[PDB]
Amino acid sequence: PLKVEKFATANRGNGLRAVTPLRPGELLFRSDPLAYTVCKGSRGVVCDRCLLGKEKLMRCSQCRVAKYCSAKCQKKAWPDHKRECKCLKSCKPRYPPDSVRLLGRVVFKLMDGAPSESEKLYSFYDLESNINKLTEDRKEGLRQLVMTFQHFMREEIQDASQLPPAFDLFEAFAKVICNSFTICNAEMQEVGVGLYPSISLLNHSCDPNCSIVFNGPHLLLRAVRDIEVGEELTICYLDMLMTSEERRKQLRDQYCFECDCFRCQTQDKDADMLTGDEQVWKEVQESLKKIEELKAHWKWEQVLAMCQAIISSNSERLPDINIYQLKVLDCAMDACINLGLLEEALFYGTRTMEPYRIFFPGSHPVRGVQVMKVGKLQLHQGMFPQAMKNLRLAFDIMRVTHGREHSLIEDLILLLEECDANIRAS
C-alpha cells in the first residue's frame, strides 16, 4: 500500500494524513500531471513537453505555438497536444490564458485518455471549488474564463456532449484557481502549471511537514520533517519570502481560507523580513513587479539592469535580509548565471545565503538549490573548500527535499565527487 491516506479533516475539507510515522526525506507520492502546460512567459523558451530551456526548439508545424526540443518530445506530447493544436491554430493571433489552455488539456485528457494515475487518491471531479466562498469579483473573472474557454475550444468542443458528463466549466475553473501547481524547473524557475489531483489533497501550512519538488512535469512528494501516525500532511502553497499579511491576502484571494497556523498567529519573521527604510523597500517592491515579469520572460539582460539599479543604487539601500532586497539579489544572481557573469553571480548568491538560511528553515528545496548554485559557482571559480562546504550543505538539504528519485541529486553527487577530487589532489 501507500504511506498516506485521504481523510476528512475537522475544518479544512479533505486532506492527507500519514498511515505510519514518516521520516525526513521519505518519498510519499509521485505523480505525472493529469494535465499541464508551459507557462505564458516560458512559452517558446522551454520545450512544451520536458519544460527544459533549449537553445534550439522546433515549433509544431500546424499551430506553431507548441515548441519542442526533439522529435522524442513532440511525439510523447502529441496525445496531450493533438486536439489543442487545432484550437491554438484557429485562434492564431490570440493566445489563451494559461488556465484556459490547462483546462483544455484537462477536458481532452478526461474525454480521450485512459484513467489517469494522477487521480489515484482524488480526481478532478473531487477537487475543492470553494464556489460558496468566491467573491462576486472572482465569480466575474471565472465567467470570463468560461467564455474564453468556449471561444478557444470552439473548433474541438461545440457543446456538452463533447465535455465530460455534467462537466461545468465555471466550477472547473474554480477548481483550477485553488488546485493549480506551479511547475518549476531544476533551477526553481516557474516554467509551467499543472493539475495533480491526488496531490491536491494536501492542505496548506506556512510551516509544512512535506514538500513537493518537480523533475520536469513529474512531481515528487516528500516528508521534510518527522511526521507521526495520523498526522495531517501539509505543504506550503506559497513563496517563503512573504510576510504574514501578504500570505493572508493570497490565501484569501486564491484559496478562500484564513490561515490559523502558528506562524501567522505570531507574525513569525515579519519584522526581520521588513527591515530597512520602508520608503526604500516599497519602491523595490514596486520595481520587483517588473523585474519578475522580465524574469518570467527570460529577459535576463533587462532583469540584471533593473536589479543593479537597486543593489548598487546611488540612493538609500536595504539590508539583504529584507525580503524584497533578497528577491532582487536572487533575480540578479540568476540573470548573471544565464549571462555568464559568474563573479557577479557569486557575489549576489553568497549574499543570499544567510537570509535563505533564516527564511527557508529546515529542509526546503528552494534553499537546497540556491546553495547548490552557489557551490557550483565557487567550484567553477576554483574555490574548492568553500564549494565543498556548500555542495555538502546542498546535499544535506536535497537528500531530503529531492531524493534519489530526482535527477538533480545525481548531478549534485557528481559535483561533490569532482570537488572532493580537487581537494584530495593537494
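Just so we're on the same page, rigid core means the largest C-alpha set that superposes within 1.5 Å between forms. One-based numbering along the sequence shown.
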Exercise. Kindly name the stretch, out of 107-115 and 137-145, whose CA atoms are displaced more from this form in 6 other deposited structures of this protein after the core superposition?
Key: 107-115
Exercise. Return whichever of 75-83 or 121-129 has the larger RMS Cα deviation from the displayed form in 6 other deposited structures of this protein, where every structure is aligned on the rigid core.
Key: 75-83
Quiz item: Quick one: higher average CA temperature factor, 160-168 or 100-108?
Solution: 160-168
Quiz item: Which has the higher mean CA temperature factor in the PDB entry, 178-186 or 147-155?
Solution: 147-155
Quiz item: Between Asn390, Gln370, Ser31, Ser61, which one tops the list for C-alpha B-factor in the PDB entry?
Solution: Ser61
Practice problem: Name the residue from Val45, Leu377, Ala35, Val366 with the greatest C-alpha temperature factor listed in the entry. | Solution: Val45
Self-check item: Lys120 - Cα temperature factor, lowest/middle/highest third of chain
Solution: middle
Exercise. Would you mind checking where the Cα B-factor of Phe214 ranks among the modelled residues of its chain, as the lowest, middle or highest third?
Key: middle
Quiz item: Going by the entry, which third of its chain does the Cα temperature factor of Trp300 land in?
Solution: highest
Quiz prompt | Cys87, C-alpha B-factor rank within chain (lowest, middle or highest third) | solution = highest
Practice problem: Going by the recorded CA B-factors, say which third of the chain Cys69 sits in, lowest, middle or highest. | Solution: highest
